[PDB]
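Trainee:
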RNA sequence: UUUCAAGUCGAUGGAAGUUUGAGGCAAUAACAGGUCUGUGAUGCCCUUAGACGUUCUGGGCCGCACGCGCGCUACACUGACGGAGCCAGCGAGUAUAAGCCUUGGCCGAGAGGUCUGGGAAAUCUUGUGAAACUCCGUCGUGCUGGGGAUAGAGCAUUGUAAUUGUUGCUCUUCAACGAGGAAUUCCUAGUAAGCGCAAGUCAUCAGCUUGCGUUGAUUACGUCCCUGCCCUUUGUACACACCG
Ligand SMILES: [Mg+2]
Ligand SMILES: [Mg+2]
Ligand SMILES: [Mg+2]
Ligand SMILES: [Mg+2]
Ligand SMILES: [Mg+2]
Ligand SMILES: [Mg+2]
Ligand SMILES: [Mg+2]
Ligand SMILES: [Mg+2]
Ligand SMILES: [Mg+2]
Ligand SMILES: [Mg+2]
Ligand SMILES: [Mg+2]
Ligand SMILES: [Mg+2]
Ligand SMILES: [Mg+2]
Ligand SMILES: [Mg+2]
Ligand SMILES: [Mg+2]
Ligand SMILES: [Mg+2]
Ligand SMILES: [Mg+2]
Ligand SMILES: [Mg+2]
Ligand SMILES: [Mg+2]
Ligand SMILES: [Mg+2]
Ligand SMILES: [Mg+2]
Ligand SMILES: [Mg+2]
Ligand SMILES: [Mg+2]
Ligand SMILES: [Mg+2]
Ligand SMILES: [Zn+2]
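Chains as they are written, first to last, in the entry's author numbering: chain U, 2 to 145; chain S, 2 to 141; chain R, 1 to 129; chain W, 16 to 117; chain b, 34 to 105; chain f, 2 to 56; chain F, 4 to 84; chain V, 2 to 142.
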């Protein structure tokens, strides 16, 4: 509840899940740099890890940093609701998952060929690079 | 009963009904003291009818108003009118008219809307545009 | 972050859909199958199956029974392209109307749970120039 | 089933006949010593319909704004049921309709 | 991009704050940011404590604006 | 057989579910106050119904 | 059945508009001017104004008798109503 | 003369009743308060994670004090706000039903409110007693 | 002031002193203006049983290298979020249906579900406790907590039927955009601008119209410089009238 000082404990650059995080960002919004971690998700893992949101990224100790990456990789074990997850009711094993920085584009990709392998209409328009959700195309999306 | 006069003030849609009774000087807005009106930056709009005449005028009378309709700002102007009109109307009926004409002089010389309701109302919208005078942008 | 490794493992993996592998998937009744797919499919079967989807399934079943040297089960044609693919009809071949022609599709296992007309585009793609 | 608190509801589009029937009933409820409550002017309802002027879709976008005012009045009477109904036949008017509810 | 304002308070800057803020006609969130090179959030906690420590007198209190002056 | 196909598609809750009193049209219907009249048919009958232009 | 006040006054007007055009098409040759619907207890008085009240009331009033029957059968009215 | 809820500013009265309700500790807090957002129109959960439920329950109690048989559906509309539809214009959307219903249900077992006849939730015989008390311990400074 | 005329500008009184504010109606003629896709309004031509009638099924009217117009979000700090404060008006609403407005209670993070009750209505939904707005906090000039396209996975609603996602909800991805060239539109007081709400379409869908109210200004109250139109004079070999 007052200004405090520290020396040598701040860490300017963090590395979490093979992603570089700026250490002078507030912890809740620093994790949003990790792809697959939005503002809504980052708010809860810090609250489940008892990391008060009033701390910058470099303020955290190693003990706290490992406690966060553990929760993100195992969300359901920490009373994180299934509906709150990124990839729930998975295609192959049917369980609720939350894919992260490097895993996200791999399983996002696997969904694309899975649409394209069966040659569905939605997968085809994805192949063409067009809008797949029915949006009009006669007058919008003319950039490159 | 007792010496009671009832009046009202109005703005665009807001209407504030003021009851002025004889008493110790109780002045409430919808059952709450005027010292706690929400629009703080406008709290002096309702303080004006008080400090203009002097709080000594309110020793013998208590005022309870009920303001409904309009908006947040439109309600403030409705309240201050009901109070100003209520103080004048009580003097005309239970005090000599010389004093009533004195109070009305200070009020009118400061702000006409303290006693006279503003007649401005919203102009109806006309087709061919999104507003009363505004029109859809034209192309050739 | 500690570390990470990705050594993917197998065991003669059979294709699997939401935790149910192909062997058990195909002989599950369609009443049980809909309980493990999306919200739209679950709603559709609760709303009541009219005679049209059920009639196509009966013909599709017979078309497979027509051939027992284990080749393709001959084509059943249909207009009803709001049909939801079920594991029962895997391997059958259906002709799905796109408004003009009978597009022919073979029901692969990964097609299960999808709409039958989603694999027959109704418009020839635009080609400028 | 004698003297009752009886409601007569008056609705019409035009006010001249509505006030004549309303006043005529009040007049007959005066010389007859029957206590009465009314008439009560209900807030008039403005039925508004806004169409396009063009039967086609050509020209400036001009609109008609039609209206149908409905005026409703209720009058409370303290009299036996036989007396109130015959009053209605005395003050019968084509435009105004009457409904009686106990 | 050129801002790079300091968000962590070390000891060299801390006593520099207590040595420089008293010699200001008017201090605010922007005044602290403009001249002390500290961040806005760090300025807000600094203002709320310097007032509690008596060095700074609150001229006006508001969420969006904090008007303060020297207490000497 | 044919009677089960002829005019078999549902024609409720749709634009084709209703029509003008006057012209039996499907487009530009006015359903307010249970008029069920075409917007063109309404204009040529508005005075008779009791709708007048005042403002 | 149970009809709202807004929807009842409109229905009376719509009934008038449809009834008025019916006379214009049927009694066009008799100079039809207009119709007045005088509601009354136990009866629905209808006054039609025409240049010639013989074509409507012809051959022992057969046409007007056969014309009021076309309205009872279309608006589900009692024959005496 | 006495003191009532209407004689104290609303904003700092709730901050005082919220403090009492947290320190008293008898109010039952549902287990999802650290996860949920107040409204479907909101995009983030409340910033005061430890205290937001207490303050909202304090707000609910004060709002019910000034009125008669307010329902739980009306509470969702009151605390609801403008939704940030992306490119479409803004619109008012009601708040979450469970959060308001749990508060009034939680407040019903702490003794401040009760189900009123002809719908709604009245303030309790003791509900008037203890709110007017907090007002007195608000204005002494 | 004025031809002391019609009037105009200031004050005072007044609720109102711009025709008191706003509209509805609106002349003599005319256009090859638009509609036979509003009509069981129509002349003529075409078709009339392998129909161009009508009906059923499915698709399309949304289709995408592009140009143009009406708009909605925004590019942030006069701000975003998070809590808290908490104010309108115009209106609409059903039955043996083919189902209306729906409070209140109970489930659900939500969307939504369920049980009762009220209202054919100044009675109930409804004080439609709307949003901008205000207070207190977090953020701190950073493509950032601005912006929320695009897309993956999942949950509900309507409907016979949602695939070419009807709509709504949850998590995630988080693009151009850092105030916009030549040009060009609307507008003078409760007006402009924001800001929402209701009614129409409507089983579902409002970034649309028609209205309504909340907050509420800057700047003229002048001119013919541009533009359009009217009048007078003029020329005319035009009068089907310069599309001569
Ligand atoms: Mg076809
Ligand atoms: Mg609100
Ligand atoms: Mg709010
Ligand atoms: Mg926004
Ligand atoms: Mg937006
Ligand atoms: Mg006028
Ligand atoms: Mg023409
Ligand atoms: Mg032409
Ligand atoms: Mg035709
Ligand atoms: Mg035709
Ligand atoms: Mg039509
Ligand atoms: Mg044919
Ligand atoms: Mg189109
Ligand atoms: Mg298409
Ligand atoms: Mg336009
Ligand atoms: Mg806010
Ligand atoms: Mg009401
Ligand atoms: Mg999005
Ligand atoms: Mg961003
Ligand atoms: Mg122009
Ligand atoms: Mg649609
Ligand atoms: Mg609508
Ligand atoms: Mg439209
Ligand atoms: Mg000449
Ligand atoms: Zn019609």
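For each residue, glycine too, the CB sits at the ideal point set by N, CA and C.
Per DSSP, which one or two residues make a beta bridge with residue 20(S)?
Mentor: 7(S), 65(S), per the DSSP bridge assignment.
Trainee: Can you name the residues of chain S whose CB is closer than 9 Å to the CB of residue 76(W)?
Mentor: 128, 129, 137, listed in chain order.
Trainee: Under 8 Å between beta-carbons, which chain F residues line up against residue 22(f)? List them in chain order, please.
Mentor: By Cβ distance, chain F contributes 17, 21.
Trainee: State buried or exposed for residue 45(F), treating a residue as buried only when at least 16 other CB atoms are found within 10 Å of its CB.
Mentor: Classification for residue 45(F): exposed.
Trainee: Do residue 4(W) and residue 81(W) have their C-beta atoms within less than 7 Å of each other?
Mentor: This structure cannot settle anything about residue 4(W), because the visible part of chain W is limited to 16 through 117.
Trainee: Give the residues of chain F in contact with residue 104(W), contact being defined as C-beta atoms less than 7 Å apart.
Mentor: Under the 7 Å cutoff, chain F gives 44.
Trainee: Kindly indicate the opening and closing residues of the beta strand (DSSP E) around residue 35(F).
Mentor: Note, residue 35(F): beta strand (DSSP E), 35 to 43.
Trainee: Would you report the Cα separation of residue 18(F) and residue 23(f), rounded to the nearest angstrom?
Mentor: C-alpha separation (whole angstroms): 12 Å.
Trainee: Tell me the DSSP bridge mates of residue 78(W)?
Mentor: Answer by DSSP bridge pairing, in chain order: 67(W).
Trainee: Can you give me the start and stop residues for the beta strand (DSSP E) that residue 96(R) sits inside?
Mentor: Where residue 96(R) is concerned, the enclosing beta strand (DSSP E) stretches over 93 to 97.
Trainee: Would you please state the rounded distance, in angstroms, between the beta carbons of residue 104(R) and residue 75(R)? I believe it to be under 8 Å.
Mentor: Between residue 75(R) and residue 104(R) the Cβ distance is about 6 Å, and since that is below 8 Å, they are a contact.
Trainee: Using DSSP with H/G/I as helix, E/B as strand and the rest coil, what is residue 33(S)?
Mentor: Here residue 33(S) sits in strand by DSSP.
Trainee: Mapping the DSSP letters down to three states, classify residue 16(R) as helix, strand or coil.
Mentor: Of the three classes helix, strand and coil, the one that applies to residue 16(R) here is strand, per DSSP.
Trainee: In chain U, what lies closer than 8 Å to residue 43(b) by C-beta?
Mentor: Here the neighbours are 6, 7, 8.
Trainee: Please report the distance separating the alpha-carbon of residue 99(V) from that of residue 103(W).
Mentor: Taking the straight line joining both Cα atoms gives about 56 Å.
Trainee: Give me the Cα-Cα distance between residue 59(U) and residue 81(U), rounded to the nearest whole angstrom.
Mentor: Their Cα atoms are separated by approximately 26 Å.
Trainee: Rank 49(b), 54(b), 64(b), 66(b) by C-alpha distance to the C-alpha of residue 105(b) and give the top, closest one.
Mentor: Comparing Cα-Cα distances from residue 105(b) to each of 49(b), 54(b), 64(b), 66(b), the minimum goes to 54(b).
Trainee: Where do the ends of the beta strand (DSSP E) carrying residue 123(R) lie?
Mentor: Segment: none, residue 123(R) is in no beta strand (DSSP E) and carries neither H nor E.
Trainee: Are residue 64(R) and residue 73(R) touching if we call contact CB-CB under 7 Å?
Mentor: Yes, these two residues count as a Cβ contact at 7 Å.
Trainee: Using a Cβ cut-off of 8 Å, pull out every chain W residue sitting near residue 105(f), in sequence order please.
Mentor: Nothing can be reported for residue 105(f): it is not among the residues displayed for chain f, which extend from 2 to 56.
Trainee: Please list the terminal residues of the continuous beta strand (DSSP E) segment that includes residue 105(R).
Mentor: Where residue 105(R) is concerned, the enclosing beta strand (DSSP E) stretches over 102 to 106.
Trainee: Please identify the residue among 26(R), 98(R), 119(R) whose C-alpha is closest to the C-alpha of residue 89(R).
Mentor: Of the candidates 26(R), 98(R), 119(R), the one whose C-alpha sits nearest the C-alpha of residue 89(R) is 26(R).
Trainee: With DSSP run on the structure shown, which of helix, strand or coil describes residue 139(V)?
Mentor: Coil, per DSSP.
Trainee: Could you spell out where the beta strand (DSSP E) holding residue 90(b) opens and where it closes?
Mentor: Run containing residue 90(b): 89 to 93, per the beta strand (DSSP E) assignment.
Trainee: Grouping DSSP H, G and I as helix and E and B as strand, with all else coil, what is residue 89(S)?
Mentor: If DSSP states are grouped into helix, strand and coil, residue 89(S) belongs with the helices.
Trainee: Hey, residue 43(U) and residue 54(U): beta-carbon distance below 7 Å or not?
Mentor: No, these two residues do not count as a Cβ contact at 7 Å.
Trainee: For the beta strand (DSSP E) containing residue 21(U), name the first residue and the last one.
Mentor: From DSSP, the beta strand (DSSP E) with residue 21(U) extends over 20 to 23.
Trainee: Give me the chain f residues within the contact set of residue 13(F), using Cβ-Cβ distance strictly less than 8 Å, ordered along the chain.
Mentor: 34, 35, 36, 50, 51, listed in chain order.
Trainee: Give me the chain S residues within the contact set of residue 10(V), using Cβ-Cβ distance strictly less than 8 Å, ordered along the chain.
Mentor: Chain S residues near residue 10(V): 37.
Trainee: For the stretch 17 to 42 of chain V, which residues have a beta carbon sitting closer than 7 Å to at least one beta carbon of chain U?
Mentor: Going along the stretch 17 to 42 of chain V in chain order, one finds 35, 36 with a Cβ nearer than 7 Å to chain U.
Trainee: Pull the bridge partners of residue 25(W) from the DSSP assignment, please.
Mentor: Answer by DSSP bridge pairing, in chain order: 88(W), 113(W).
Trainee: Between the alpha carbons of residue 92(W) and residue 61(F), how many angstroms are there, rounded?
Mentor: Roughly 49 Å separates the two Cα atoms.
Trainee: Please determine, among 103(U), 139(U), 133(U), 121(U), the residue with the shortest C-alpha to C-alpha distance to residue 128(R).
Mentor: Closest by alpha carbon: 139(U).
Trainee: Comparing C-alpha positions only, which one of 27(W), 78(W), 70(W) sits nearest to residue 130(S)?
Mentor: Comparing Cα-Cα distances from residue 130(S) to each of 27(W), 78(W), 70(W), the minimum goes to 78(W).
Trainee: At least one CB of chain f closer than 7 Å to the CB of residue 66(W): is that the case?
Mentor: Chain f contact via Cβ: present.
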